[PDB]
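A short worksheet on the structure shown next.
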Amino acid sequence: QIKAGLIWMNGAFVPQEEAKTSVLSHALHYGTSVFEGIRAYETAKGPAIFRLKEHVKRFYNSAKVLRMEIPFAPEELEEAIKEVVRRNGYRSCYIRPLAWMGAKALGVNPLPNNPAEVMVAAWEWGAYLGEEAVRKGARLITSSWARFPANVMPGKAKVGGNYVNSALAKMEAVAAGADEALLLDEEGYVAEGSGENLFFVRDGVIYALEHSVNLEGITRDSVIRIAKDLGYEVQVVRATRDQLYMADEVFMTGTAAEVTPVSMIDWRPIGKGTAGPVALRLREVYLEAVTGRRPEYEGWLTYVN
Amino acid sequence: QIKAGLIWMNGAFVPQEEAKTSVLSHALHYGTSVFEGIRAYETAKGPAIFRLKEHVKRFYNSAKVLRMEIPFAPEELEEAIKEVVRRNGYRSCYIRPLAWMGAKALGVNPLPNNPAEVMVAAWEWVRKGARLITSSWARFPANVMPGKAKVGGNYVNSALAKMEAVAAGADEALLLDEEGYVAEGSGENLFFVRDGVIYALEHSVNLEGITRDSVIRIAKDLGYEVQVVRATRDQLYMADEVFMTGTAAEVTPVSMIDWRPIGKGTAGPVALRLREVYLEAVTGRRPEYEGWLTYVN
Amino acid sequence: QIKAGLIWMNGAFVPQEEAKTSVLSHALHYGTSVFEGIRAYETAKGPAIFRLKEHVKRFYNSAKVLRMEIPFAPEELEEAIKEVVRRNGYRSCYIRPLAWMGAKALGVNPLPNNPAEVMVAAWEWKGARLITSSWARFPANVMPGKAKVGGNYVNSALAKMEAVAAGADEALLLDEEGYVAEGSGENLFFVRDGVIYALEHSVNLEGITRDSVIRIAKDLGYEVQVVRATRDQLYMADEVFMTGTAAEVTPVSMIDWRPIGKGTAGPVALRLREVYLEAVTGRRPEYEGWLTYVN
Ligand SMILES: *Cc1c(COP(=O)(O)O)cnc(C)c1O
Ligand SMILES: *Cc1c(COP(=O)(O)O)cnc(C)c1O
Ligand SMILES: *Cc1c(COP(=O)(O)O)cnc(C)c1O
Ligand SMILES: [Cl-]
Ligand SMILES: [Cl-]
Ligand SMILES: [Cl-]
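Here the protein sequences come in this chain order: B, A and C.
Residue numbers for the first sequence follow PDB author numbering, so the first one is 2 and each next one is one higher.
What the second sequence shows, in PDB author numbering, is residues 2 to 126, 135 to 306, in sequence order.
What the third sequence shows, in PDB author numbering, is residues 2 to 126, 137 to 306, in sequence order.
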């Protein structure tokens with residue numbers, strides 16, 4: 002499977018083969034888990050975790066939505082997140098904290114299963130997209146699956162069950178020949194990708210999409226701050242698929258996707274048909290920030306060493 | 002059970018006992034009435050009615066939505082509201098102006114019943138925070154009921170929600186709109202605070218609160234950044250603070266929603282400061298906000 | 002019929018009489034066409050087309066929504082538009098560019114019909140009373156509301172007919188959720204306590220007149236906010252007005268038989284309208300950039 006190595010399991014690191022849970026775990030049956038996507042980027046000062054506290058804060062916030070009790074102080078989880086990097090001797094890596102309801106009972110109500118089991122795993126990237134691919138840009142296709150209304154699934158939380166919607170949309174997009182899916186909300190407005198927030202640029206202005214039913218991305222937040230620091234005007238608005246069709250540029254953000262320009266949506270080219278200068282510039286500054294080359298953004302980094 | 006005393010009835014004051022209307026009144030059958038909630042607070046210079054002008058304007062605006070004709074000039078209603086306070090010797094009181102379609106006919110169309118009958122009555126009138142529960146009743150879409158007006162019929166929705174919330178052990182209900190976003194309480198506008206920024210909910214299908222308006226101005230004067238946004242229930246769950254505003258509720262901190270504590274689980278500093286400046290304003294202790302007060306004496 | 006005169010038909014001008022297309026044209030059966038509305042106003046320096054490039058850009062943008070191919074460069078279309086005014090001797094006129102899918106086939110899919118055929122035609126050019144329509148403007152995933160696609164106007168046509176039959180001048184469409192959207196072909200604004208409120212784009216077309224009015228309003232010193240609005244927010248507004256190439260800035264004095272403010276055209280709407288007219292007729296140096304002098 003995934004080459005994670007030593008995994009933190011409820012308080013102590015164990016070999017990957019020991020990082021297993023009962024197949025009767027509530028979360029494996031009812032999607033009652035919460036997770037985070039965190040990255041450590043190598044610097045000449047060792048690995049630096051990007052916006053660790055903001056991600057951990059969201060982790061506990063997601064748990065609160067499910068009334069899930071995480072039996073560890075945020076400080077303990079933060080230490081575990083730094084340790085999973087050190088103990089495995091990783092430089093750059095992806096970190097996946099997970100809290101899930103165990104196998105105490107299988108009634109749909111997860112309360113009797115509290116407190117939640119928790120683990121932190123991390124693994125290295127197999128490959129990265131090169132500048133050629135980034136410039137060609139991602140191709141999106143609008144999904145036939147709508148992102149869930151705000152009173153159907155908790156869209157501000159990274160709750161496991163939520164991703165059945167993301168999985169269905171992603172599979173559909175790939176089957177259609179696209180790189181990613183663009184989900185609309187039930188009313189017909191653009192929501193977000195299967196796991197990425199959307200932005201578009203028109204006549205010099207950068208438009209971030211309102212939160213609506215989307216997750217409040219930390220990369221999105223980072224990109225907006227960076228854009229403003231560079232002197233760009235940033236507006237937050239609700240958008241339709243055809244506002245994106247006629248945008249000068251479109252790009253998406255996410256911990257895994259960083260800043261990814263989108264060159265085509267529903268087989269309709271965006272602007273020049275390749276990544277545009279704004280998205281390529283934002284991506285560069287963002288990468289400079291996460292890899293510790295921007296003193297003004299060092300506050301966002303937590304050095305493991 | 003209400004100790005209203007002298008009530009202004011279509012032009013003249015009469016004892017509470019005499020303030021009655023036909024049970025064939027259109028409004029008692031079809032909810033065709035409009036009302037307001039106005040408060041008078043005691044100050045060093047006597048009772049002061051808070052934002053009288055704004056409330057009366059909305060009273061007439063609500064009537065317009067129903068194509069209801071109020072047979073009095075706003076100035077006359079304003080005098081009656083001041084008199085209801087004076088004549089009853091009130092200082093701190095709740096004032097309830099009410100215009101309703103009468104008993105001329107009972108066809109559902111209220112036009113034949115114009116002009117409306119009008120009456121004005123009044124009666125003498135935290136850190137733990139209020140507990141809310143999200144309702145199973147959604148606030149009406151903007152093309153179903155006039156959500157910007159205080160129309161009587163609208164409150165069947167509020168009544169159902171409030172009843173459900175209290176039965177569930179909460180202090181107030183939090184209504185969502187039909188699309189699933191947060192709307193407002195049964196009779197209060199909502200706000201939340203996150204990372205130092207105050208978020209006032211967009212008007213959407215909610216009533217444009219005068220207390221909400223007041224709080225925003227106060228917040229800005231204090232130096233807080235205020236953003237007007239649409240919000241989901243979980244954005245509130247993760248807020249540092251959340252509070253409600255309304256004439257009766259003033260500025261009320263909300264410490265818990267759906268049994269999920271908000272922030273520290275007790276009233277937060279921001280909501281408390283806004284409430285304090287608001288109470289200072291309505292009691293005549295803020296010169297910069299004196300324009301909002303109408304002194305009875 | 003319309004007194005268009007010489008019409009540009011896929012590259013060359015021909016008498017109106019010859020400006021015809023097969024009744025088997027895809028667009029005549031399935032609404033697969035795109036168009037624009039552009040005006041030329043007389044100025045001291047001759048006819049001037051208002052914001053020509055922005056309109057042409059939207060024309061091509063509308064085509065992209067339908068994956069329609071326009072076999073001419075924007076520059077060529079812009080020249081044709083200027084020429085339709087010159088050749089016909091027009092001073093103040095309405096210009097109607099149109100790109101439509103032809104008669105190559107009649108399967109609903111329009112791709113086999115590309116490239117589109119194109120034509121450019123032109124003709125010399137109290138407060139409105141509105142009634143809220145029983146037809147909702149289409150959701151953003153039902154019809155492309157940011158594009159001037161022919162088929163979209165069946166919705167506008169139905170709303171307009173209803174409004175007129177009800178005794179009003181124009182229709183006010185709500186979106187499916189119940190919020191105000193726009194008129195059959197005009198963007199909406201309202202004024203309350205000195206502030207001008209432009210409606211968010213939601214499912215509406217991004218009007219060029221709306222854009223011009225917002226800039227003018229800001230330049231005059233007005234505070235402008237962009238919001239979502241309900242019908243009763245309009246009922247209680249001090250003023251309500253709508254914008255569009257044909258409607259310019261039109262004040263709205265009544266909605267659903269409920270008077271707006273004074274019940275007559277208000278000062279803000281009337282002023283924006285007058286300043287807009289001054290801009291399009293070349294009397295405001297600050298807005299000269301928006302004009303294209305034909306001569
Ligand atoms: C994780 C996630 C994102 C991206 O948020 P980041 O904090 O930028 O990683 C966006 N949308 C969804 C649905 C997500 O789960
Ligand atoms: C009266 C009312 C409010 C609060 O408005 P205030 O002007 O602040 O008193 C909020 N929501 C509803 C539904 C109301 O009826
Ligand atoms: C053309 C149109 C408008 C007006 O836009 P302008 O660019 O100002 O002419 C508004 N709504 C619709 C549906 C339209 O087709
Ligand atoms: Cl397609
Ligand atoms: Cl619960
Ligand atoms: Cl009516």
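Ideal Cβ placement from N, Cα and C applies to all residues, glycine included.
Q: Could you pull the start and end residues of the beta strand (DSSP E) that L231/C belongs to?
A: No beta strand (DSSP E) holds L231/C; the alpha helix (DSSP H) holding it covers 219 to 231.
Q.
Which residues neighbour ligand 4 when neighbourhood means a C-beta less than 7 Å away from any of its non-hydrogen atoms? List them by chain order.
A. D267/B, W268/B, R68/C
**Q.** Cβ-heavy atom distance, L302/A to ligand 8, below 6 Å
**A.** Although ligand 8 was asked about, the structure shown includes only ligand 1, ligand 2, ligand 3, ligand 4, ligand 5 and ligand 6 as ligands.
Q. Any heavy atom of ligand 2 closer than 6 Å to the CB of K229/C?
A. No, ligand 2 has no heavy atom inside 6 Å of this Cβ.
Q: Can you tell me which of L25/A, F60/A, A179/A puts its alpha carbon nearest to the alpha carbon of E76/A?
A: Cα-wise, what sits closest to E76/A is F60/A.
(Q) Rounded to the nearest angstrom, what separates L107/B and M154/B at their Cα positions? (A) 20 Å
Q.
When you measure from the CB of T275/C to every non-hydrogen atom of ligand 2, does any distance come out below 6 Å?
A. no
**Q.** Euclidean distance between Cα positions of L302/C and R40/C
**A.** 10 Å
**Q.** Interface partners of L185/B on chain C, CB under 7 Å
**A.** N152
Q: Compute every distance between the C-beta of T256/C and the non-hydrogen atoms of ligand 3, then say whether any falls below 6 Å.
A: Because some heavy atom of ligand 3 lies under 6 Å away, the Cβ of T256/C counts as near it: yes.
Q) Is the shortest distance between the beta-carbon of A158/C and the beta-carbons of chain B less than 7 Å? A) yes
Q: Drop a sphere of 10 angstroms on the beta-carbon of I50/A, count the other beta-carbons inside from all chains shown, and report buried for 16 or more, exposed for fewer.
A: buried
Q) So the alpha helix (DSSP H) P75/B belongs to, where does it begin and stop? A) 75 to 88
Q) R269/C touches chain A at which residues, Cβ-Cβ below 7 Å? A) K65, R68
Q. Any residues in the segment 134 to 152 of chain B with a beta carbon nearer than 7 Å to a beta carbon of chain C? Which ones, in chain order?
A. none
**Q.** Validate contact between the segment 101 to 115 of chain B and the segment 227 to 244 of chain B using beta carbons, cut 8 Å, 3 pairs
**A.** no
Q. Considering only residues of the same chain and omitting the five flanking positions on each side of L210/C, which have a CB-CB separation below 6 Å?
A. Once the five neighbours on either side are set aside, the close Cβ partners of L210/C are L199, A240.
Q: Can you check DSSP and say which residues form a bridge with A122/A?
A: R97/A
Q | DSSP beta-bridge partners of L141/B | A | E181/B, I266/B
(Q) Let me confirm a value: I8/C is counted as buried when at least 16 other C-beta atoms fall within 10 Å, else exposed. Which label applies? (A) buried
Q: Return the residue from the list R294/C, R284/C, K159/C, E285/C that minimises the CA-CA distance to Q244/B.
A: Of the listed residues, the one whose Cα sits closest to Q244/B is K159/C.
Q. How would you call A168/A, buried or exposed, if buried means at least 16 neighbouring beta carbons within 10 angstroms?
A. exposed
Q. Using the beta-carbon count (16 or more within 10 Å), is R52/A buried or exposed?
A. buried
Q. For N115/B and chain A, any beta-carbon pair shorter than 7 Å?
A. no
Q | Cutoff 8 Å; reference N163/C; Cβ partners in own chain excluding five residues on either side | A | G32, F149, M154, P155, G156
(Q) Can you tell me whether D186/B is helix, strand or coil according to DSSP? (A) strand
Q. Taking only beta-carbon atoms, is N62/A less than 7 Å away from chain C?
A. yes
**Q.** Heavy atom of ligand 1 within 6 Å of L216/B beta-carbon
**A.** yes
Q. Is any heavy atom of ligand 2 found at a distance shorter than 6 Å from the C-beta of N198/A?
A. yes
Q: Excluding the 5 residues preceding and the 5 following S63/A in the sequence, name in chain order all residues of the same chain whose CB lies nearer than 7 Å to its CB.
A: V35, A158, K159, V160
Q: With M172/C as the anchor, note down where its alpha helix (DSSP H) starts and where it stops.
A: Segment 164 to 176, the alpha helix (DSSP H) holding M172/C.
Q) Can you tell me where the alpha helix (DSSP H) with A64/A in it begins and where it stops? A) 53 to 66
Q: Report whether the distance from the Cβ of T143/A to the nearest heavy atom of ligand 2 is below 6 Å.
A: no
**Q.** Segment contact flag, the segment 72 to 88 of chain A with the segment 17 to 32 of chain A, C-beta cutoff 8 Å, min 3 pairs
**A.** no
Q) Hey, is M247/B's beta-carbon within less than 7 Å of any beta-carbon in chain C? A) By this cut-off, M247/B is an interface position.
Q. Alpha carbon to alpha carbon, what distance is there between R295/C and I142/A?
A. 57 Å
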